[PDB]
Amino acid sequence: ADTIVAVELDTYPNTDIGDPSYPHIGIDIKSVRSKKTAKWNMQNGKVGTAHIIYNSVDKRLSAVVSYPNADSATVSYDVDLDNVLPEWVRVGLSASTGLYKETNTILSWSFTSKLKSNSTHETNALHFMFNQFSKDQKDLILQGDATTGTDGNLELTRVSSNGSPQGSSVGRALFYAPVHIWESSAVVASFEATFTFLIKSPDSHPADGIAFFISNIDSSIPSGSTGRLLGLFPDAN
């Protein structure tokens, strides 16, 4: 199986599997059952922003999600990524819908990674910023129903030509190049991620959510991982 570390923007409460009984953001370490969550007052139809940060000194993964003029939800968790992820990984965005749906539109996404090694100003860095997604985005690996082009945005889950979301959908987008997330002889390693999203739900409740994730290089969507599994996990264990 794959190794996943993720920050979920969970819109649908699947209390049977651990979700609190309200929209929330959480930190998932190899399991859809978040190690820690925070209430999130999701706003249907409004553009929002997520900020994820981490550094090997504090060994603390934190995320902040917010909407213009509104309280922001925050969540942090102590975790040493050296003990969880392989040295090389791929970063990406994932979303899904089940019985209930929503649009999982990504307007922009940026990522920065730095590795300071045992030497004088010897830093390795990787940075990419997407504000516009073209039809043939060769530096993105699209999996499942994810597509680009429609208004220059990234649609993680399927959306009909009229613009309405589809249920039972799952999509992901990973940056093409592998990222060196940590190293034995690293003095300091850190990364920062940001993305703006538009979750619009016409029907009853919105579902199922969007997630920023880090995984093994050769990761792919687990079968039947639509709905509650957010296109990240094979089961709800």
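The first residue of the shown sequence is 1; numbering continues from there.
For the pair 63-71 and 208-216, the mean B factor over Cα atoms is greater in 63-71. Mean CA temperature factor is higher for 29-37 when stretches 29-37 and 51-59 are set side by side in the entry. When the C-alpha B-factors of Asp139, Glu155, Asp151, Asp78 are read from the PDB record, the largest value belongs to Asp151. Residue set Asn131, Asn118, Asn124, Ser94: peak C-alpha B-factor at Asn118 (per PDB entry). When the modelled residues of the chain are ordered by their C-alpha B factor, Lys135 lands in the highest third. Sorting the modelled residues of the chain by their CA temperature factor places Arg90 in the lowest third. Per the PDB record, residue ranking by Cα B-factor puts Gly171 in the middle third of the chain.
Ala186 sits in the highest third of its chain by CA B factor, as recorded in the PDB entry. Sort the chain's modelled residues by C-alpha temperature factor and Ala146 lands in the middle third, per the entry.
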